[PDB]
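Presented as structure tokens, the chain that follows is alone, the form deposited in one PDB entry.
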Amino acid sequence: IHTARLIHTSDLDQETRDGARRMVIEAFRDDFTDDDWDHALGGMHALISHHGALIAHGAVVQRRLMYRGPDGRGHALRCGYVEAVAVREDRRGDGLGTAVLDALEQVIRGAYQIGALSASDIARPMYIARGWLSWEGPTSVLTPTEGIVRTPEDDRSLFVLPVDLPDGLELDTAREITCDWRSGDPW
């Protein structure tokens, strides 16, 4: 069985960051943009290498997810957001994806109030099987110039993993949920 190493972005040399980026881009090839890479930087990376070649990657970066309960109170949850999860093609189906998520979920459970991610279609059963909840209500992003704006192309994609919500808060996945602002894909 393989085990992922967990490394902060700042503990990654440029050679190893460039190798990770190139492995991720190839893994997403039919798609992975310059903004997509920026989104994967700043947090903890899960890495698996074999003889100096990276064969699996994932990242969890901190952001705020905003949720307003029925009673009208607002919540700005410390969110561990999962990005750039990828296994080299020739090494897929061997549990390397599971090893990446095991290490990232340890980060989420140890440090954040909620995990969240916008899953590709292929990865959906994988996350469902691990206990991630599909979000059923509308999604949105908090923009700097127009307030909260709907993001309908992301409604089907969003999964959350509530690990340490504030005392008495219970997420209703049919309500709206809002992510903080960034360039490119908000979710």
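Take the two forms, superpose them, and find the largest set of C-alpha atoms that agree within 1.5 Å; that set is the rigid core. Residues that one form lacks are left out of the comparison. Residue indices: 1-based, along the sequence shown.
What follows is about the form deposited in another entry, which we do not show.
With the two forms fitted on their core, the C-alpha shifts between this form and the one not shown stay under 2 Å for all of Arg64, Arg150, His50, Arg156 except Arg156. Superposition on the rigid core between this form and the one not shown places the CA atom of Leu133 less than 2 Å from its counterpart. Superposition on the rigid core between this form and the one not shown places the CA atom of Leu41 less than 2 Å from its counterpart. Here's the thing about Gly110 and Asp154: their CA atoms end up at least 3 Å farther apart in that other deposited form than they are in this form. In sequence order, 120-126, 152-156 are the runs of at least 3 residues present in both forms whose Cα atoms shift by 2 Å or more between this form and the one not shown once the core is superposed.
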